[PDB]
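*Asks:* Below you'll find the structure I mean.
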Amino acid sequence: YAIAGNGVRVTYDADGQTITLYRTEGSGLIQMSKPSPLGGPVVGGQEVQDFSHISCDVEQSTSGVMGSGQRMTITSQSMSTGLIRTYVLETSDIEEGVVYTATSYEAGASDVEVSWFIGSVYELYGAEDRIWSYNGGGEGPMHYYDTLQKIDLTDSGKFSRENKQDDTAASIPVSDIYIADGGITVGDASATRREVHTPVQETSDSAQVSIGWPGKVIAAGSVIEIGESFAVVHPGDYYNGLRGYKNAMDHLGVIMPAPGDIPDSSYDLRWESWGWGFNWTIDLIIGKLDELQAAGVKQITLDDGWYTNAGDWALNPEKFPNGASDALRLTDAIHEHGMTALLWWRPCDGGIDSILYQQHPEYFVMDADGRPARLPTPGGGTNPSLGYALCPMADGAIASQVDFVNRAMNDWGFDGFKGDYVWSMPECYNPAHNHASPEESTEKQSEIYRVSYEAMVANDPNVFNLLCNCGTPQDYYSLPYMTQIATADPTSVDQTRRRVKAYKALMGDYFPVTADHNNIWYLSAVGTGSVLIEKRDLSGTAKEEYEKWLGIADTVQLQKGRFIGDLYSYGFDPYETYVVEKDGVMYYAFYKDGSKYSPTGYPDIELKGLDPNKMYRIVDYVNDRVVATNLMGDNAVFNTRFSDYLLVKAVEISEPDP
């Protein structure tokens, strides 16, 4: 009982009721998971472990969700509860290493109450001393939980992490665990948001990844579908798993922006207005335009403090005493100096003391007790800055968002918007809205994002749209309507670099991604291929450094290059590495300041991805020095010592150097 579509091989054992996963390399296969159970519901606080195999049927040539492939069905029966389980696994020929899972439950005797459903449990095989994991998250601590974590296998303790997707958690519903040989990625398969758990558990000698959904009462004689999930068995690191997941979900209607439709203003260097904090004035920004124009900045954004209240989105009289005239003047100055203008924005907010709530209570979300609800911070808390949420199924909220977009784009003059400081939508209990379920409000933020982006596009084909789910991984269902992605206020440099790699995997090689500006890491911004942006009012030696690195970024242009991340593996390679291709010439970035993963000694450096039949000269462009020469593409090994970083490029040479 086995199927194998492309790059995978799933086998089922009738006697033990276990599933084993493989991955194809060369002409053979590599084991990637030890035998694992199928999974079942949680009845009475304990998972049912009385399921008995009935029959298994395998179909060799079927068409399914992702196209042509294979499918086999497993039917099991439980005597204690009377439930009947049907398990369906699907693979496709075109897609490499993706498995589709579907579950259905039927109650034949009497009512069965289920508190949680469990499927697709897989345990890693071949682990030796450590396992690196990717966590979709959504509920973790805001600014201090890395999206990539290490599971040490020599520790006394154990590592467990439950990545939730609920009313207080909105992020990518994907988790991945990998070792040097490869890894396994499990993620949701749904075109719209729902409730899904992606736990990562450390076992006695390995780690586990799983999928889970909430349950409800199953009536007698009724068939209910629980959920669906995607399993990715890949070689390498989380980049391959995320890329496979994106390719798989491209078949469910979730399609990311194409490289030929991203506006050219997305790649331009940007300067935030955080230099003076909340005490900024129009005159200061106007007077700071000449220096940035000389340096090479081609984008200016307006941050917090310009509005009176959220929802109303009226101009603050303190910052704009003359009204729309001042905004037009600032926009005209920015345009005259050859730059575009953006605006700060909190999409789903509606305020607490705003006129929108004072005059129109009926567009907001109602709690269980009959009171307005507030936007939740990750975990379930409340921040004073955040206000009441706006129900997506009320026409007033959509009308207000469109009105604000049109007013900003046609009256004041602005070429884009910056979404910030919002995470999730609470449940609504208002009977007037006629909600089918209280969760209907939580599953429809994509409607607000889509409507706002449609208005923006209708006003101008080339627009800037970025959302900051600051602290946590960004909402997956807001991705199709963006043009740039940030790293959501990373705390350390390793965080922003790893998140840049992950978002390149999810989005695409050419998608604009920035490395944020919380701390000065120009090296990591340039080396990873991100967009260099700044917030401060710099003067002196740091000002000279800022201009120098702006010039380097302008003369290299790695933000418009192609990102390659499948060659090397993170956590099982001598250095933390990132590869960018620009006009044929390959660029490399090696790092050592990644406190999470830094090596001892000075290991040799191997450049892979080069033509074997070509001779290359390796020259650093930061200092204009030839580190190595006469290096054939096959060997491509040279020994060098550096403190923190090493940025190099492979310049082709027709004849050997002297």
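*Asks:* Could you run through the range 524-548 and say how many residues are crowded, with 19+ Cβ neighbours inside 10 Å and either farther than 15 Å from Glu291 by Cβ or aliphatic (A, V, I, L, M) (or both)?
*Replies:* Residues that pass the stated criteria total 10.
*Asks:* Regarding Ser441, is this residue polar (S, T, N, Q), farther than 19 Å from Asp303 by Cα and crowded, with 24+ Cβ neighbours inside 10 Å?
*Replies:* yes
*Asks:* From the list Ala408, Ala397, pick out the single residue that is touching a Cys at 6+ places or on another chain (Cβ under 9 Å) and assigned to a helix (DSSP H, G or I). If you could, list the steps in order and put the result at the bottom.
*Replies:* Working: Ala408 fails: touching a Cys at 6+ places or on another chain (Cβ under 9 Å).
Being touching a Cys at 6+ places or on another chain (Cβ under 9 Å) and assigned to a helix (DSSP H, G or I) holds for just one of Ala408, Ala397, which is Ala397.
*Asks:* Among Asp176, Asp167, which is touching a residue at least 40 places away in the same chain (Cβ under 8 Å), farther than 22 Å from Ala502 by Cβ and among the acidic types (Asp, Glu)?
*Replies:* On the way: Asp176 fails: farther than 22 Å from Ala502 by Cβ.
Criteria check complete, one pass: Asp167.
*Asks:* I'd like the residue in the range 541-597 that is of a type in the set (A, V, I, L, M) and out of contact with any strand residue (DSSP E or B) (no Cβ under 9 Å at 6 or more places or on another chain) and, out of all such residues, is farthest from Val297 (Cα to Cα).
*Replies:* Per the stated criteria, the residue is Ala542.
*Asks:* From the set of residues in the range 119-151 that are under 23 Å from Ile30 (Cα atoms) and free of Cβ contacts under 8 Å to residues at least 60 places away in the same chain, which is surrounded by the fewest Cβ atoms within 10 Å (Cβ to Cβ)?
*Replies:* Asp129
*Asks:* Checking the conditions here, which among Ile30, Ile54 is closer than 28 Å to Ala180 by Cα and either touching a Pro at 6+ places or on another chain (Cβ under 6 Å) or assigned by TED's automatic domain parsing to the domain that holds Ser206 (or both)?
*Replies:* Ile30
*Asks:* Are any of the residues in the range 206-227 of a type in the set (S, T, N, Q) and not in a strand (DSSP E or B)?
*Replies:* Yes.
*Asks:* Out of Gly609, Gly594, I need the residue that is in contact with a helix residue (DSSP H, G or I) (Cβ under 9 Å, 6 or more places away or on another chain) and under 28 Å from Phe511 (Cα atoms). Which one?
*Replies:* Result: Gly594 is the single residue among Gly609, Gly594 that is in contact with a helix residue (DSSP H, G or I) (Cβ under 9 Å, 6 or more places away or on another chain) and under 28 Å from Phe511 (Cα atoms).
*Asks:* Is it the case that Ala231 is crowded, with 18+ Cβ neighbours inside 10 Å, part of a helix (DSSP H, G or I) and touching a strand residue (DSSP E or B) at 6+ places or on another chain (Cβ under 9 Å)?
*Replies:* Details: crowded, with 18+ Cβ neighbours inside 10 Å: yes; part of a helix (DSSP H, G or I): no; touching a strand residue (DSSP E or B) at 6+ places or on another chain (Cβ under 9 Å): yes.
No.
*Asks:* Another question, if that's okay. Can you tell me which residues in the range 101-128 are in contact with a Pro (Cβ under 6 Å, 6 or more places away or on another chain) and not in a strand (DSSP E or B)?
*Replies:* The answer is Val114, and nothing else.
*Asks:* Could you figure out which of (1) closer than 22 Å to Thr20 by Cα; (2) assigned to a strand (DSSP E or B); (3) not small (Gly, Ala, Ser) isn't true of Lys164?
*Replies:* So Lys164 meets the others, but not (1).
*Asks:* Among (1) without any contact (Cβ under 8 Å) to a residue 40 or more places away in the chain; (2) hydroxyl-bearing (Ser, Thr, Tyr); (3) part of a loop (DSSP other than H, G, I, E, B), which single condition is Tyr616 missing?
*Replies:* (3)
*Asks:* Spot the failing condition for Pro431; the list is (1) touching a residue at least 12 places away in the same chain (Cβ under 8 Å); (2) in a loop (DSSP other than H, G, I, E, B); (3) more than 22 Å from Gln299 (Cα to Cα), and only one is missed.
*Replies:* (1)
*Asks:* Taking the range 184-219 on its own, how many of its residues are touching a helix residue (DSSP H, G or I) at 6+ places or on another chain (Cβ under 6 Å) and buried (at least 20 other Cβ atoms within 10 Å of the Cβ)? Spell out how you get there, then give the answer.
*Replies:* First, pick out the residues of the range 184-219 that are touching a helix residue (DSSP H, G or I) at 6+ places or on another chain (Cβ under 6 Å): 185, 187, 191, 193.
Narrowing further to those that are buried (at least 20 other Cβ atoms within 10 Å of the Cβ): 185, 187, 193.
Total meeting the criteria: 3.
*Asks:* Any idea which of (1) in contact with an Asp or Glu (Cβ under 9 Å, 6 or more places away or on another chain); (2) surrounded by 19 or more Cβ atoms within 10 Å (Cβ to Cβ); (3) within 30 Å of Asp566 (Cβ to Cβ); (4) not charged (D, E, K, R) is the one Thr154 doesn't satisfy?
*Replies:* (2)
*Asks:* Sticking with this structure for a sec: Find the residue count for the range 568-596, including only residues that are surrounded by fewer than 16 Cβ atoms within 10 Å (Cβ to Cβ) and farther than 18 Å from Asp494 by Cβ.
*Replies:* Going through the range 568-596 one residue at a time, the tally reaches 3.
*Asks:* Also, quick follow-up: Residue pairs, Cβ under 6 Å, 6 or more apart or interchain, first in the range 280-309 and more than 20 Å from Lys418 (Cα to Cα), second assigned to a helix (DSSP H, G or I). List them.
*Replies:* Pairs that qualify, where the first residue is more than 20 Å from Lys418 (Cα to Cα) and the partner is assigned to a helix (DSSP H, G or I), are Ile286/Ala333; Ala295/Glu547; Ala295/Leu550; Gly296/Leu550; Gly296/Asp554.
*Asks:* In contact with a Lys or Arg (Cβ under 8 Å, 6 or more places away or on another chain) and within 23 Å of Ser229 (Cα to Cα): does that describe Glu123?
*Replies:* Values: in contact with a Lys or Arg (Cβ under 8 Å, 6 or more places away or on another chain): yes; within 23 Å of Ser229 (Cα to Cα): yes.
So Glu123 passes the test.
Condition check ((1) over 24 Å from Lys501 (Cα atoms); (2) touching a residue at least 12 places away in the same chain (Cβ under 8 Å); (3) assigned by TED's automatic domain parsing to the domain that holds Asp146) across all residues:
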site: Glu576; (1), (2), (3): no, yes, no
site: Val580; (1), (2), (3): no, yes, no
site: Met586; (1), (2), (3): no, yes, no
site: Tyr591; (1), (2), (3): no, yes, no
site: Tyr621; (1), (2), (3): no, yes, no
site: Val627; (1), (2), (3): yes, yes, no
site: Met632; (1), (2), (3): yes, yes, no
site: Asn635; (1), (2), (3): yes, no, no
site: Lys649; (1), (2), (3): no, yes, no
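*Asks:* Of everything in the range 347-400, what is crowded, with 22+ Cβ neighbours inside 10 Å and among the β-branched types (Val, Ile, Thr)? Give them in sequence order.
*Replies:* Passing the criteria: only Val365.
*Asks:* Check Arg194 against each of (1) assigned to a loop (DSSP other than H, G, I, E, B); (2) over 22 Å from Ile448 (Cβ atoms) and name the one condition it does not meet.
*Replies:* (2)
*Asks:* Do we have any residue at all in the range 39-48 that's under 21 Å from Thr198 (Cβ atoms) and part of a loop (DSSP other than H, G, I, E, B)?
*Replies:* Within the range 39-48, one or more residues are under 21 Å from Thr198 (Cβ atoms) and part of a loop (DSSP other than H, G, I, E, B).
The values are calculated or read from the model by the stated rules, or taken from the named source; nothing here is a laboratory result. Cβ sites come from the backbone with ideal geometry, for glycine too, and all protein chains shown count toward neighbours.
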